[PDB]
>>> print(open('structure.txt').read())   # compact mmCIF, C-alpha atoms and all ligand atoms
# COMPACT_ATOMS: atom_id res chain seq x y z
CA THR A 605 -128.42 -13.32 37.72
CA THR A 606 -130.96 -14.84 35.31
CA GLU A 607 -130.10 -14.35 31.63
CA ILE A 608 -133.23 -13.36 29.70
CA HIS A 609 -133.59 -13.99 25.96
CA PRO A 610 -134.32 -10.75 24.00
CA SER A 611 -137.38 -12.30 22.34
CA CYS A 612 -139.01 -12.36 25.80
CA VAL A 613 -138.77 -8.55 26.22
CA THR A 614 -140.77 -5.76 24.54
CA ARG A 615 -139.92 -2.09 25.16
CA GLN A 616 -142.89 0.28 24.98
CA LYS A 617 -142.36 3.72 26.54
CA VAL A 618 -139.34 5.69 27.75
CA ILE A 619 -139.67 6.38 31.49
CA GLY A 620 -136.05 7.53 31.83
CA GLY A 625 -128.90 4.37 27.66
CA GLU A 626 -132.60 4.88 28.37
CA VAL A 627 -135.02 3.25 30.79
CA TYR A 628 -138.21 1.87 29.25
CA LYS A 629 -141.42 0.44 30.58
CA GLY A 630 -142.05 -2.85 28.82
CA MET A 631 -143.40 -6.37 29.06
CA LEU A 632 -141.59 -9.60 29.93
CA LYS A 633 -142.80 -13.03 28.75
CA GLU A 640 -146.57 -11.28 30.49
CA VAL A 641 -145.53 -9.02 33.40
CA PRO A 642 -144.75 -5.24 33.25
CA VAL A 643 -141.05 -4.47 33.72
CA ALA A 644 -138.60 -1.59 33.72
CA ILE A 645 -135.74 -2.00 31.25
CA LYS A 646 -132.43 -0.17 31.36
CA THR A 647 -130.24 -0.29 28.23
CA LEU A 648 -126.52 0.16 27.58
CA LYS A 649 -125.78 1.68 24.15
CA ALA A 650 -123.03 0.66 21.70
CA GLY A 651 -119.49 1.89 22.32
CA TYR A 652 -119.75 1.68 26.11
CA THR A 653 -116.36 1.57 27.85
CA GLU A 654 -115.02 -1.21 30.07
CA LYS A 655 -115.83 0.96 33.12
CA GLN A 656 -119.41 1.49 31.89
CA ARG A 657 -119.84 -2.27 31.39
CA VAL A 658 -118.50 -3.12 34.85
CA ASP A 659 -120.68 -0.42 36.46
CA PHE A 660 -123.75 -1.50 34.44
CA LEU A 661 -123.47 -5.25 34.98
CA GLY A 662 -122.16 -4.40 38.47
CA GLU A 663 -125.53 -2.83 39.32
CA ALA A 664 -127.33 -5.99 38.21
CA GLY A 665 -124.83 -8.13 40.17
CA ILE A 666 -125.50 -6.19 43.40
CA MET A 667 -129.29 -6.24 42.90
CA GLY A 668 -129.17 -9.99 42.23
CA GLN A 669 -127.54 -10.46 45.68
CA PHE A 670 -130.62 -9.00 47.42
CA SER A 671 -134.00 -10.52 48.20
CA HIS A 672 -136.14 -8.14 50.26
CA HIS A 673 -139.65 -6.66 50.03
CA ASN A 674 -138.32 -3.08 50.13
CA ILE A 675 -135.52 -3.47 47.53
CA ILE A 676 -136.27 -3.36 43.80
CA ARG A 677 -136.35 -6.88 42.39
CA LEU A 678 -134.16 -7.87 39.44
CA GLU A 679 -135.97 -10.04 36.88
CA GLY A 680 -132.71 -10.58 34.97
CA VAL A 681 -130.20 -9.26 32.43
CA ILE A 682 -129.51 -9.42 28.74
CA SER A 683 -125.71 -9.64 28.51
CA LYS A 684 -125.19 -12.10 25.59
CA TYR A 685 -126.89 -9.78 23.08
CA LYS A 686 -126.56 -6.04 22.40
CA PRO A 687 -127.82 -3.64 23.52
CA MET A 688 -127.34 -5.09 27.01
CA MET A 689 -130.29 -4.70 29.40
CA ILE A 690 -131.22 -4.81 33.08
CA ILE A 691 -134.83 -5.86 33.65
CA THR A 692 -136.57 -5.09 36.96
CA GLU A 693 -140.06 -5.22 38.39
CA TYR A 694 -142.18 -2.24 37.33
CA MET A 695 -143.33 0.16 40.05
CA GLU A 696 -146.65 1.64 38.97
CA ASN A 697 -146.38 4.93 40.90
CA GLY A 698 -142.78 5.73 39.95
CA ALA A 699 -140.36 7.83 41.97
CA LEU A 700 -141.45 8.79 45.48
CA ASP A 701 -140.43 12.48 45.26
CA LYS A 702 -142.57 13.20 42.19
CA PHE A 703 -145.35 10.94 43.50
CA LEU A 704 -145.59 12.85 46.83
CA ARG A 705 -145.63 16.22 45.04
CA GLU A 706 -148.43 15.10 42.70
CA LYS A 707 -150.45 13.58 45.60
CA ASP A 708 -150.02 16.41 48.08
CA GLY A 709 -152.21 15.87 51.17
CA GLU A 710 -153.89 12.70 49.80
CA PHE A 711 -152.60 10.13 52.37
CA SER A 712 -153.12 9.54 56.08
CA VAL A 713 -150.29 10.09 58.55
CA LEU A 714 -150.32 6.33 59.17
CA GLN A 715 -149.81 5.69 55.43
CA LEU A 716 -146.87 8.15 55.33
CA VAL A 717 -145.27 6.50 58.37
CA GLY A 718 -145.83 3.05 56.81
CA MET A 719 -143.93 4.25 53.72
CA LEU A 720 -141.01 5.27 55.92
CA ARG A 721 -141.06 1.93 57.77
CA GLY A 722 -140.74 0.17 54.38
CA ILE A 723 -137.79 2.34 53.34
CA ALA A 724 -136.08 1.80 56.71
CA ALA A 725 -136.56 -1.98 56.45
CA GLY A 726 -134.95 -1.93 53.00
CA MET A 727 -132.07 0.16 54.30
CA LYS A 728 -131.56 -2.06 57.37
CA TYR A 729 -131.24 -5.01 55.00
CA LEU A 730 -128.75 -3.18 52.75
CA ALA A 731 -126.69 -2.05 55.76
CA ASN A 732 -126.60 -5.55 57.22
CA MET A 733 -125.62 -6.95 53.78
CA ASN A 734 -122.63 -4.58 53.99
CA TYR A 735 -123.94 -2.18 51.33
CA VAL A 736 -123.69 1.61 51.75
CA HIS A 737 -126.10 3.34 49.39
CA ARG A 738 -124.52 6.84 49.46
CA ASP A 739 -127.44 8.39 47.53
CA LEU A 740 -130.58 7.76 49.58
CA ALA A 741 -133.26 10.35 48.70
CA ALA A 742 -136.96 10.21 47.77
CA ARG A 743 -135.91 10.52 44.07
CA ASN A 744 -134.20 7.10 44.43
CA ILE A 745 -137.20 5.34 46.03
CA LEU A 746 -139.96 3.77 43.91
CA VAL A 747 -143.62 3.20 44.82
CA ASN A 748 -145.92 0.37 43.72
CA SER A 749 -149.71 0.12 43.56
CA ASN A 750 -149.74 -1.26 47.15
CA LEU A 751 -147.93 1.93 48.29
CA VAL A 752 -144.87 -0.20 48.98
CA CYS A 753 -141.68 1.88 48.86
CA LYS A 754 -138.52 0.20 47.55
CA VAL A 755 -134.95 1.40 47.49
CA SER A 756 -133.60 1.75 43.96
CA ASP A 757 -130.45 3.18 42.32
CA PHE A 758 -127.56 0.78 42.92
CA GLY A 759 -125.36 2.54 40.35
CA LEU A 760 -121.66 2.01 41.10
CA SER A 761 -120.29 5.33 39.78
CA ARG A 762 -121.40 8.22 42.03
CA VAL A 763 -119.60 11.48 42.91
CA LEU A 764 -120.56 14.16 45.46
CA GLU A 765 -121.67 17.31 43.64
CA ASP A 766 -119.34 20.34 43.86
CA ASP A 767 -116.40 17.97 44.42
CA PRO A 768 -113.16 19.84 43.43
CA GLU A 769 -111.40 16.54 42.64
CA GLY A 777 -124.41 10.61 38.89
CA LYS A 778 -124.05 13.51 41.32
CA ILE A 779 -124.88 12.91 44.98
CA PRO A 780 -126.56 16.10 46.33
CA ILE A 781 -124.91 17.89 49.24
CA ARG A 782 -128.11 18.61 51.16
CA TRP A 783 -129.03 14.89 51.55
CA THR A 784 -125.51 13.96 52.65
CA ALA A 785 -124.08 13.58 56.17
CA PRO A 786 -121.40 16.08 57.34
CA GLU A 787 -118.62 13.45 57.60
CA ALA A 788 -119.32 12.22 54.09
CA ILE A 789 -118.99 15.79 52.79
CA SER A 790 -116.01 16.87 54.91
CA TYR A 791 -113.80 13.77 54.70
CA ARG A 792 -115.49 11.32 52.29
CA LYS A 793 -116.63 8.91 55.01
CA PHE A 794 -119.71 7.16 53.62
CA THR A 795 -121.16 4.49 55.90
CA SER A 796 -124.50 3.09 56.94
CA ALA A 797 -124.52 5.95 59.50
CA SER A 798 -124.31 8.57 56.72
CA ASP A 799 -127.17 6.67 55.09
CA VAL A 800 -129.14 7.17 58.35
CA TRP A 801 -128.60 10.94 58.00
CA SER A 802 -129.99 10.68 54.47
CA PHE A 803 -132.91 8.65 55.75
CA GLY A 804 -133.72 11.49 58.17
CA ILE A 805 -133.91 13.82 55.15
CA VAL A 806 -136.18 11.25 53.41
CA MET A 807 -138.44 11.25 56.51
CA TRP A 808 -138.74 15.04 56.09
CA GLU A 809 -139.44 14.68 52.34
CA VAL A 810 -142.23 12.17 53.01
CA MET A 811 -143.88 14.10 55.83
CA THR A 812 -143.84 17.34 53.76
CA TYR A 813 -145.12 15.64 50.54
CA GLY A 814 -141.86 16.32 48.68
CA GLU A 815 -140.81 19.77 49.90
CA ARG A 816 -137.21 20.52 48.90
CA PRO A 817 -134.95 20.34 51.98
CA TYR A 818 -133.58 23.73 53.01
CA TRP A 819 -135.58 25.49 50.24
CA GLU A 820 -133.51 28.05 48.31
CA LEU A 821 -130.43 27.94 50.59
CA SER A 822 -127.24 27.39 48.60
CA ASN A 823 -125.10 24.31 49.24
CA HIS A 824 -122.60 26.49 51.16
CA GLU A 825 -125.43 28.01 53.23
CA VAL A 826 -126.81 24.53 54.08
CA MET A 827 -123.39 23.25 55.17
CA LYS A 828 -122.75 26.36 57.28
CA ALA A 829 -126.21 26.09 58.87
CA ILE A 830 -125.73 22.42 59.72
CA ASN A 831 -122.27 23.00 61.19
CA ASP A 832 -123.72 25.82 63.34
CA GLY A 833 -126.38 23.42 64.74
CA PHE A 834 -129.41 24.38 62.65
CA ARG A 835 -131.70 21.60 61.42
CA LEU A 836 -134.80 21.37 59.25
CA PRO A 837 -137.94 22.57 61.09
CA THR A 838 -140.98 20.41 61.86
CA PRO A 839 -143.25 19.50 58.90
CA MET A 840 -146.87 20.62 59.20
CA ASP A 841 -149.04 18.10 61.10
CA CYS A 842 -146.01 15.93 61.88
CA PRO A 843 -146.20 13.42 64.80
CA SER A 844 -143.89 14.43 67.64
CA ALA A 845 -142.32 10.96 67.65
CA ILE A 846 -141.54 11.19 63.92
CA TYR A 847 -139.90 14.63 64.23
CA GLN A 848 -137.86 13.41 67.23
CA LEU A 849 -136.69 10.42 65.18
CA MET A 850 -135.61 12.44 62.13
CA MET A 851 -133.77 14.89 64.47
CA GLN A 852 -131.81 12.00 65.96
CA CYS A 853 -130.83 10.92 62.43
CA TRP A 854 -129.18 14.37 62.10
CA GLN A 855 -126.83 14.09 65.10
CA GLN A 856 -123.45 15.54 64.15
CA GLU A 857 -121.80 12.66 66.03
CA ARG A 858 -122.37 9.42 64.06
CA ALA A 859 -122.37 7.28 67.22
CA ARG A 860 -125.46 9.14 68.53
CA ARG A 861 -127.49 8.42 65.38
CA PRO A 862 -129.95 5.50 65.52
CA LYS A 863 -129.07 2.43 63.46
CA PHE A 864 -131.61 1.32 60.88
CA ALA A 865 -132.42 -1.48 63.33
CA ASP A 866 -133.50 1.16 65.85
CA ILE A 867 -135.48 3.10 63.24
CA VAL A 868 -137.43 0.03 62.09
CA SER A 869 -138.14 -0.92 65.73
CA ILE A 870 -139.45 2.57 66.59
CA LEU A 871 -141.56 2.93 63.44
CA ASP A 872 -143.04 -0.55 63.96
CA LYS A 873 -144.03 0.38 67.51
CA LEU A 874 -145.64 3.65 66.37
CA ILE A 875 -147.61 1.91 63.60
CA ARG A 876 -148.83 -0.85 65.95
CA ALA A 877 -150.00 1.79 68.48
CA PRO A 878 -151.27 4.34 65.94
CA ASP A 879 -152.78 6.71 68.51
CA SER A 880 -149.12 7.49 69.33
CA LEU A 881 -149.05 9.47 66.03
CA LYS A 882 -151.89 11.84 67.07
CA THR A 883 -149.51 13.82 69.30
CA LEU A 884 -148.12 16.48 66.93
CA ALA A 885 -144.92 18.47 67.07
CA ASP A 886 -145.59 22.20 67.29
CA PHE A 887 -145.43 23.85 63.85
CA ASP A 888 -143.60 27.25 63.66
CA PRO A 889 -145.74 29.18 61.10
CA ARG A 890 -143.55 31.36 58.80
CA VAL A 891 -146.53 33.70 58.31
CA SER A 892 -149.44 34.30 60.67
CA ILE A 893 -152.81 35.81 59.65
CA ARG A 894 -154.76 38.01 62.10
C1 LIG B 901 -141.65 4.36 36.84
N1 LIG B 901 -141.56 3.03 37.37
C2 LIG B 901 -140.41 2.36 37.47
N2 LIG B 901 -140.47 1.10 37.95
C3 LIG B 901 -139.29 0.48 38.11
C4 LIG B 901 -138.07 1.06 37.76
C5 LIG B 901 -136.78 0.46 37.88
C6 LIG B 901 -135.64 1.08 37.50
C7 LIG B 901 -134.31 0.42 37.60
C8 LIG B 901 -133.55 0.48 38.79
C9 LIG B 901 -132.29 -0.12 38.86
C10 LIG B 901 -131.44 -0.01 40.08
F1 LIG B 901 -130.43 -0.84 40.10
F2 LIG B 901 -130.87 1.16 40.20
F3 LIG B 901 -132.08 -0.28 41.10
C11 LIG B 901 -131.80 -0.80 37.76
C12 LIG B 901 -132.53 -0.87 36.60
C13 LIG B 901 -133.76 -0.27 36.53
CL1 LIG B 901 -134.64 -0.45 35.06
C14 LIG B 901 -135.71 2.45 36.96
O1 LIG B 901 -134.73 3.10 36.58
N3 LIG B 901 -136.98 3.02 36.85
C15 LIG B 901 -137.08 4.36 36.28
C16 LIG B 901 -137.04 5.42 37.34
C17 LIG B 901 -137.32 6.79 36.81
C18 LIG B 901 -137.32 7.77 37.97
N4 LIG B 901 -136.27 8.78 37.89
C19 LIG B 901 -138.15 2.37 37.24
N5 LIG B 901 -139.30 3.03 37.09
>>> encode(input="structure.txt", output="structure tokens")
Amino acid sequence: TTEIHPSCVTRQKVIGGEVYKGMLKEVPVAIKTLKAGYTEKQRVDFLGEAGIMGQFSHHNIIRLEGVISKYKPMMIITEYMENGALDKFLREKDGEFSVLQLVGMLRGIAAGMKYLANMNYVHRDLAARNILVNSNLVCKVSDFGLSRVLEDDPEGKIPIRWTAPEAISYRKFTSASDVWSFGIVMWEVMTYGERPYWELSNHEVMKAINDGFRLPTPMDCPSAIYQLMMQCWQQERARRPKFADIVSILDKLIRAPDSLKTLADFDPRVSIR
């Protein structure tokens, strides 16, 4: 990792220790701080995140500019993504993109995830809230925090309803549980940030999934896209596509965009006579 001198960094606005938007000697950056009195574990997790990010060089993975580790407070400095987190972005831009644009976002995320998987990195917390969007509509995987627990664990919280059954039931997180999560992200994108499973409780979601229920088709969703997210949600990991398969399929759909005009039937929850 590049060590950056503090005189080269100006913090400006809190966008999230805190996360600031700032300027780096000038390019816009995001800046994550570690406050005084941090523990050894905090330091290893914090610098650990920078270490992992520094190992990656891919269009669809947030780029590390560098770290401040020789001076306090310590900082991680990344590229700045002008449109912020994908979940909030979709919800504030409801209906404003083409289906081709939405599918192109998902291709970008899948390409990032394929790279992570092949670099032997399991994300464990893939969700639209952990994807960032730039002014070219490029989606990039973010959140490489080391210290993550599944929420509601008897023994950062990973939410149940984005997580694959095997990861919940016996703590088996793999690139195949990340594919499950990616299927949920597909549904988030195609619904402009609808909350998966609505007001169902965690227990209700888990029971539904184990009984074979799956999220219904988004409105105006290409048949091929719904089929692909459904395959991501196979109970049996071996029947899920790999990210390599997902990228291949999305690339084919984008290159033959009339393929996306065939829509999955939408089951209307209310009909009007
Ligand atoms: C709004 N635009 C914007 N642009 C770029 C970033 C980069 C980071 C980031 C990510 C990592 C790592 F590792 F997780 F990828 C590390 C360090 C940083 Cl600074 C970040 O935390 N935020 C804030 C997200 C708030 C959304 N809940 C960003 N926000």
>>> residues_near_ligand(input="structure.txt", ligand="ligand LIG 901 (chain B)", cutoff="6 Å", atoms="only C-alpha atoms and all ligand atoms", output="VMD selection string")
chain A and resid 619 to 620 627 644 to 646 663 676 690 to 696 698 to 699 756 to 759
>>> atom_distance(input="structure.txt", atom1="CA of residue 766 (chain A)", atom2="CA of residue 820 (chain A)")
16.7 Å
>>> closest_residue(input="structure.txt", among="A:745, A:781, A:704, A:612", to="residue 824 (chain A)", atoms="all atoms listed in the file")
A:781
>>> residues_around(input="structure.txt", residues="residue 672 (chain A)", least_positions_apart="4", cutoff="9 Å", atoms="all atoms listed in the file", output="ChimeraX atom specification")
/A:676-677,725-726,729
>>> closest_residue(input="structure.txt", among="A:835, A:863, A:816, A:633", to="residue 803 (chain A)", atoms="all atoms listed in the file")
A:863
>>> residues_around(input="structure.txt", residues="residue 790 (chain A)", least_positions_apart="2", cutoff="12 Å", atoms="all atoms listed in the file", output="PDB file with C-alpha atoms, in the coordinates of the input")
ATOM      1  CA  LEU A 764    -120.560  14.160  45.460  1.00  0.00           C
ATOM      2  CA  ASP A 767    -116.400  17.970  44.420  1.00  0.00           C
ATOM      3  CA  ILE A 781    -124.910  17.890  49.240  1.00  0.00           C
ATOM      4  CA  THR A 784    -125.510  13.960  52.650  1.00  0.00           C
ATOM      5  CA  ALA A 785    -124.080  13.580  56.170  1.00  0.00           C
ATOM      6  CA  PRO A 786    -121.400  16.080  57.340  1.00  0.00           C
ATOM      7  CA  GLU A 787    -118.620  13.450  57.600  1.00  0.00           C
ATOM      8  CA  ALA A 788    -119.320  12.220  54.090  1.00  0.00           C
ATOM      9  CA  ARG A 792    -115.490  11.320  52.290  1.00  0.00           C
ATOM     10  CA  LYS A 793    -116.630   8.910  55.010  1.00  0.00           C
ATOM     11  CA  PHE A 794    -119.710   7.160  53.620  1.00  0.00           C
ATOM     12  CA  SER A 798    -124.310   8.570  56.720  1.00  0.00           C
ATOM     13  CA  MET A 827    -123.390  23.250  55.170  1.00  0.00           C
ATOM     14  CA  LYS A 828    -122.750  26.360  57.280  1.00  0.00           C
ATOM     15  CA  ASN A 831    -122.270  23.000  61.190  1.00  0.00           C
ATOM     16  CA  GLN A 856    -123.450  15.540  64.150  1.00  0.00           C
TER      17      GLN A 856
END
>>> closest_residue(input="structure.txt", among="A:606, A:892, A:802, A:883", to="residue 736 (chain A)", atoms="only C-alpha atoms")
A:802
>>> atom_distance(input="structure.txt", atom1="CA of residue 843 (chain A)", atom2="CA of residue 881 (chain A)")
5.0 Å
>>> residues_near_point(input="structure.txt", point="(-138.5, 20.0, 60.7)", cutoff="9 Å", atoms="all atoms listed in the file", output="PyMOL selection string")
chain A and resi 808+835-840+842+847+850-851+887
>>> closest_residue(input="structure.txt", among="A:617, A:688, A:657, A:865", to="residue 730 (chain A)", atoms="only C-alpha atoms")
A:865
>>> atom_distance(input="structure.txt", atom1="CA of residue 747 (chain A)", atom2="CA of residue 697 (chain A)")
5.1 Å
>>> closest_residue(input="structure.txt", among="A:685, A:813, A:801, A:711", to="residue 742 (chain A)", atoms="all atoms listed in the file")
A:813
>>> residues_near_point(input="structure.txt", point="(-122.6, -0.1, 35.3)", cutoff="12 Å", atoms="only C-alpha atoms", output="ChimeraX atom specification")
/A:625,646-649,652-667,688-690,757-762,777
>>> write_last_selection(input="structure.txt", atoms="C-alpha atoms", output="compact mmCIF listing (two decimals), keeping the file's coordinate frame")
# COMPACT_ATOMS: atom_id res chain seq x y z
CA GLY A 625 -128.90 4.37 27.66
CA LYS A 646 -132.43 -0.17 31.36
CA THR A 647 -130.24 -0.29 28.23
CA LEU A 648 -126.52 0.16 27.58
CA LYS A 649 -125.78 1.68 24.15
CA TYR A 652 -119.75 1.68 26.11
CA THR A 653 -116.36 1.57 27.85
CA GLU A 654 -115.02 -1.21 30.07
CA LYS A 655 -115.83 0.96 33.12
CA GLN A 656 -119.41 1.49 31.89
CA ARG A 657 -119.84 -2.27 31.39
CA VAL A 658 -118.50 -3.12 34.85
CA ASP A 659 -120.68 -0.42 36.46
CA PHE A 660 -123.75 -1.50 34.44
CA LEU A 661 -123.47 -5.25 34.98
CA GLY A 662 -122.16 -4.40 38.47
CA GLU A 663 -125.53 -2.83 39.32
CA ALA A 664 -127.33 -5.99 38.21
CA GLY A 665 -124.83 -8.13 40.17
CA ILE A 666 -125.50 -6.19 43.40
CA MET A 667 -129.29 -6.24 42.90
CA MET A 688 -127.34 -5.09 27.01
CA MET A 689 -130.29 -4.70 29.40
CA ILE A 690 -131.22 -4.81 33.08
CA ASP A 757 -130.45 3.18 42.32
CA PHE A 758 -127.56 0.78 42.92
CA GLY A 759 -125.36 2.54 40.35
CA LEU A 760 -121.66 2.01 41.10
CA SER A 761 -120.29 5.33 39.78
CA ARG A 762 -121.40 8.22 42.03
CA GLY A 777 -124.41 10.61 38.89
>>> closest_residue(input="structure.txt", among="A:829, A:853, A:741, A:806", to="residue 721 (chain A)", atoms="all atoms listed in the file")
A:806
>>> residues_around(input="structure.txt", residues="region 608-610 of chain A", least_positions_apart="3", cutoff="8 Å", atoms="only C-alpha atoms", output="tab-separated table (two decimals) with C-alpha atoms, keeping the file's coordinate frame")
chain	number	residue	atom	x	y	z
A	613	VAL	CA	-138.77	-8.55	26.22
A	680	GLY	CA	-132.71	-10.58	34.97
A	681	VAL	CA	-130.20	-9.26	32.43
A	682	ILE	CA	-129.51	-9.42	28.74
A	685	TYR	CA	-126.89	-9.78	23.08
>>> axis_aligned_box(input="structure.txt", around="region 737-746 of chain A", padding_each_side="8 Å", output="lines of an AutoDock Vina configuration file")
center_x = -132.2
center_y = 6.9
center_z = 46.7
size_x = 31.4
size_y = 23.2
size_z = 21.7
>>> decode(input="structure.txt", residues="region 682-723 of chain A", atoms="C-alpha atoms", output="PDB file, in the first residue's frame")
ATOM      1  CA  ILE A 682      -1.899   7.066   6.590  1.00  0.00           C
ATOM      2  CA  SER A 683      -0.377   4.685   9.144  1.00  0.00           C
ATOM      3  CA  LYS A 684       2.704   6.642  10.377  1.00  0.00           C
ATOM      4  CA  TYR A 685       0.580   9.472  11.791  1.00  0.00           C
ATOM      5  CA  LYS A 686      -2.569   9.498  13.934  1.00  0.00           C
ATOM      6  CA  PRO A 687      -5.439   9.376  13.342  1.00  0.00           C
ATOM      7  CA  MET A 688      -4.743   6.586  10.843  1.00  0.00           C
ATOM      8  CA  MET A 689      -6.634   6.799   7.539  1.00  0.00           C
ATOM      9  CA  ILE A 690      -7.678   4.737   4.526  1.00  0.00           C
ATOM     10  CA  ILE A 691      -8.047   6.827   1.368  1.00  0.00           C
ATOM     11  CA  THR A 692     -10.088   5.528  -1.581  1.00  0.00           C
ATOM     12  CA  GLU A 693     -11.457   6.847  -4.847  1.00  0.00           C
ATOM     13  CA  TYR A 694     -14.652   8.860  -4.371  1.00  0.00           C
ATOM     14  CA  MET A 695     -17.851   7.485  -5.907  1.00  0.00           C
ATOM     15  CA  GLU A 696     -20.065  10.429  -6.806  1.00  0.00           C
ATOM     16  CA  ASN A 697     -23.428   8.613  -6.552  1.00  0.00           C
ATOM     17  CA  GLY A 698     -22.738   6.824  -3.261  1.00  0.00           C
ATOM     18  CA  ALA A 699     -24.309   3.569  -2.135  1.00  0.00           C
ATOM     19  CA  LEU A 700     -26.341   1.666  -4.714  1.00  0.00           C
ATOM     20  CA  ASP A 701     -29.327   0.896  -2.431  1.00  0.00           C
ATOM     21  CA  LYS A 702     -30.006   4.552  -1.585  1.00  0.00           C
ATOM     22  CA  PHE A 703     -29.165   5.611  -5.151  1.00  0.00           C
ATOM     23  CA  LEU A 704     -31.747   3.208  -6.681  1.00  0.00           C
ATOM     24  CA  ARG A 705     -34.443   4.330  -4.213  1.00  0.00           C
ATOM     25  CA  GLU A 706     -33.820   8.013  -5.004  1.00  0.00           C
ATOM     26  CA  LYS A 707     -33.761   7.348  -8.789  1.00  0.00           C
ATOM     27  CA  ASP A 708     -36.772   5.052  -8.971  1.00  0.00           C
ATOM     28  CA  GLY A 709     -37.710   4.300 -12.599  1.00  0.00           C
ATOM     29  CA  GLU A 710     -35.060   6.652 -14.089  1.00  0.00           C
ATOM     30  CA  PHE A 711     -32.861   4.068 -15.916  1.00  0.00           C
ATOM     31  CA  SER A 712     -33.331   1.734 -18.862  1.00  0.00           C
ATOM     32  CA  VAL A 713     -33.454  -2.031 -18.371  1.00  0.00           C
ATOM     33  CA  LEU A 714     -30.165  -2.214 -20.287  1.00  0.00           C
ATOM     34  CA  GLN A 715     -28.559   0.225 -17.816  1.00  0.00           C
ATOM     35  CA  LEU A 716     -29.805  -1.850 -14.836  1.00  0.00           C
ATOM     36  CA  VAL A 717     -28.444  -5.058 -16.397  1.00  0.00           C
ATOM     37  CA  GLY A 718     -25.118  -3.308 -17.133  1.00  0.00           C
ATOM     38  CA  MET A 719     -24.882  -2.401 -13.428  1.00  0.00           C
ATOM     39  CA  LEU A 720     -25.336  -6.061 -12.514  1.00  0.00           C
ATOM     40  CA  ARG A 721     -22.716  -7.161 -15.065  1.00  0.00           C
ATOM     41  CA  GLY A 722     -20.236  -4.780 -13.388  1.00  0.00           C
ATOM     42  CA  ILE A 723     -21.002  -6.149  -9.913  1.00  0.00           C
TER      43      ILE A 723
END
